[PDB]
Each structure stands twice: as C-alpha cells, then as structure tokens.
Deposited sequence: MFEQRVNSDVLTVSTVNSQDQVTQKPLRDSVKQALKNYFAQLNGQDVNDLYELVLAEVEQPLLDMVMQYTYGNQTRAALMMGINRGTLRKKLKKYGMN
C-alpha cells in the first residue's frame, strides 16, 4: 500500500493519492485554463516510478518490466519518451 510520510505543523503518514489531491488542488488555484492535465500528471508520476524501478533492477529492462507488470516494448516506449533510455 503506497504511502508517504510527512511532517505537519508539529510528523504524518498518508497514502500517495493524498499528495496527488493536494498537488491537483494547489494546481487549480494556480490557474486560467487547462487542456492537457492528464498527460501532465502521468509524466509527473511515470518518471519517478521508472527511476525507482530501473534503480532497483540496475537498469535491467527485463527484470524491471517484470516488476511493474508490463511488457518490455511498453517499458521501452516510456523510457524513450522520458529520455531515460
């Protein structure tokens, strides 16, 4: 269960989606028109995911793709997309 630790005014522990809700919330007030919010968020999440995965598997695509649950082709598509290849 993906969770994130944090420190409040005085330390705490909420799921990942919360951080997402906050960023989205914060983002809206930041406006004054959006048109590619999806791809925008995906990228802000796929890359860190890729890093963590690739880091674990010492860049071993195969062993990495097997972890995320996707085929090598796709993985390569994303890496190349985020220029990590």
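If you line the structure up with the deposited chain, the stretches without a C-alpha atom are 1-9, 20-21, 43-44.
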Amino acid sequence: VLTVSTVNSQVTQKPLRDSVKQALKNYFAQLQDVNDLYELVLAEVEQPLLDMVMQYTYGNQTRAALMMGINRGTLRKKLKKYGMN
From here on, numbers count along this sequence of modelled residues.
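A summary of the deposited B-factors shows that, of 23-31 and 52-60, the stretch with the larger mean C-alpha value is 23-31.
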